[PDB]
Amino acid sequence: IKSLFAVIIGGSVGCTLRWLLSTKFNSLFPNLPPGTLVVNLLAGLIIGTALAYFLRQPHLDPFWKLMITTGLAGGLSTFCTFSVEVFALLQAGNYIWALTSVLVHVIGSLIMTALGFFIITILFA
C-alpha cells in the first residue's frame, strides 16, 4: 500500500509536468514537438542519475527509489505521445522527420541516461 502511494505521488507530478510542458511547447515545432522530447530527455537524465546514485546507497528506502524512478520519471516520460507524432508524420508523407524524431528521441534519451549515470559516477570518484 505504501509502495502504491509512491507511484501515485511520483507519477502525478511526472504527468502534470509532461502535460504542462507539452501544451506550452509542442506547437512551437510540430516536425518534432520539443515538449514531448524534453520530458523524455529529462526522464532519461533522472533515471541515469538514479541508476548511479541508488547503486551507492543500498540502504535507501525503496519508497524514494520507487517515487523517483517508477513514479516521477515514469510519468514524466511518454512513449505513446512519441508514437502518434511519428505516426502522424508518416501519415503526412513527412518521412524525413519521422525518422529524425525516432533517432533524436532514442539516441538522445540513451545519451541523457549515460550523462546522468556517468556524472554521478565521476563525482564520487
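Residues carry their position along the shown sequence, with the first being 1.
When the mean C-alpha temperature factors of 54-62 and 83-91 are read from the deposited coordinates, 54-62 comes out higher. Once the C-alpha B-factors are averaged per stretch, 8-16 and 100-108 rank with 8-16 first. Of all the options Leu76, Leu32, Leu45, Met67, the entry's greatest CA B-factor is assigned to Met67. When the modelled residues of the chain are ordered by C-alpha B-factor, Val38 sits in the lowest third.
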